[PDB]
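Read the single chain below, which is given as structure tokens and is the form deposited without its partner chain.
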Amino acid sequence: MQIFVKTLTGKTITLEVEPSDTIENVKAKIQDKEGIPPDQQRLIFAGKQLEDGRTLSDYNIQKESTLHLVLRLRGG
């Protein structure tokens, strides 16, 4: 299925995912397409900060859902 990832600059990227994908898997796809490492990515959906180990289905992320990507430097 297809989901969208929107950045704070307005840029929108389309990803192919499945409900069993983890949030880390989604970050890995963003790394594939954009070169940004998962540990610099914060993903947000439904007003929740998405946890790397949980799945898209855990967050009720569906076809054509839009996630928000916020870049951040790691703690430390």
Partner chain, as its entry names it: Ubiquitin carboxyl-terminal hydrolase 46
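Definition used throughout: the rigid core is the maximal C-alpha set that superposes within 1.5 Å between two forms. Only residues modelled in both forms are compared. Residue numbers count along the first chain shown, from 1.
Assigned third (lowest, middle, highest) for the C-alpha B factor of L69: As the PDB entry reports it, the C-alpha B-factor of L69 lands in the lowest third of its chain.
Assigned third (lowest, middle, highest) for the C-alpha B factor of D52: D52: CA B-factor falls in the middle third of its chain.
Select lowest, middle or highest to describe the third in which the CA B-factor of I13 falls within its chain in this entry. Its C-alpha B-factor belongs to the highest third of this chain's values.
So where's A46 on the chain's Cα temperature factor ranking, which third? Top third by C-alpha B-factor.
Sorting the chain's CA B-factors, does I3 end up in the lowest, middle or highest third? Answer is middle: the recorded C-alpha B-factor places it there.
If you look for the form solved in complex with its partner chain, you will not find it shown, but the lines that follow are about it.
In the deposited bound form, which residues of 55-72 put a heavy atom within 4.5 Å of its partner chain? Counting only heavy atoms within 4.5 Å of its partner chain in the deposited bound form, the contacting residues of 55-72 are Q62, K63, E64, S65, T66, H68, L69, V70, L71, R72.
Taking the rigid core as fixed, pick out the runs of 3 or more consecutive residues whose CA atoms all shift by at least 2 Å between this form and the one not shown, and give them in sequence order. In sequence order, the runs that relocate between this form and the one not shown are 7-9, 72-75.
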